[PDB]
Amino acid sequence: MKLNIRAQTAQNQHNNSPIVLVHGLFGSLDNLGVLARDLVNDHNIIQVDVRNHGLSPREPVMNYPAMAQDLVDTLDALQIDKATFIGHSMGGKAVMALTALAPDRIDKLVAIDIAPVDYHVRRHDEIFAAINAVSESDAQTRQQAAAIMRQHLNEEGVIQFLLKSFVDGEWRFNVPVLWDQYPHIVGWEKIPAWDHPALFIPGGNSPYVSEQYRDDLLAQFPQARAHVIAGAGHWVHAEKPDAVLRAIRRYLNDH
């Protein structure tokens, strides 16, 4: 289905393909804004809210072919034939899945701290507990919500990231569905090889793109290029946006 988006025209015409930015689990279209603010200098930008996030529609189904189709439907809605896609984590998996569903609609591809693999672990139980605790309380403001979340989480950055989706005393993301479909989100459906250069940007202090996932990564992205950002965790763009942008532009210029 069509997604909620925020589009901005390039400040300068350079004959570049437009860039679609796709956030990760519990995120919203504002999360990759730091990248959009730089890339809009020479590209039309489209920031999307993934289904069940932000102000995009809710749907009980949450799998990658579905998220990939949403991207196609969104491109069709904006009458864009082909675009470069940049996705973080879950968003990166949606973009990678798009290569299998509609390769002709993709120009270049950037996957931030994510590998095309089923991680086979639960990594968000405490986050779900914090989210539910906030909902069960009488918290209305982000300050009140933060106080409760700190009782479950000790990573202030994660708490603030989640709170970007706490508005009018309600979570923007669809909690029951993200919980129910969680295995499919941390999971993956293997795809055919995409024989085109693809950029992967892992955080040096993150296990999302470690060596144990390399064989599977290359089997699906034979021409994958990895640019590890030293001293960065999972939300690489939030910690080292400059380093991420340098890697992105080097790839986009493909000299």
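Don't overthink the numbering: it's just position in the shown sequence, from 1.
- The PDB entry reports B-factors from which the mean C-alpha value can be compared for 111 to 119 and 162 to 170; the larger average falls on 162 to 170.
- Of the two segments, 23 to 31 and 39 to 47, the one listed with the higher mean B-factor is 39 to 47 (C-alpha atoms only).
- Ranking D70, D216, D195, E211 by the C-alpha B-factor listed in the PDB entry places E211 at the top.
- The residue among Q181, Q79, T99, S89 whose C-alpha atom has the highest B-factor in the PDB entry is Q79.
- Sorting the modelled residues of the chain by their CA temperature factor places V95 in the lowest third.
- Ranked by C-alpha B-factor against the other modelled residues of its chain, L245 falls in the lowest third.
- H53: CA B factor in the lowest third of modelled residues in this chain (values from the PDB entry).
- Sort the modelled residues of the chain by CA B factor and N205 lands in the highest third.
- Annotation for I127: CA B-factor lies in the lowest third of the chain's modelled residues.
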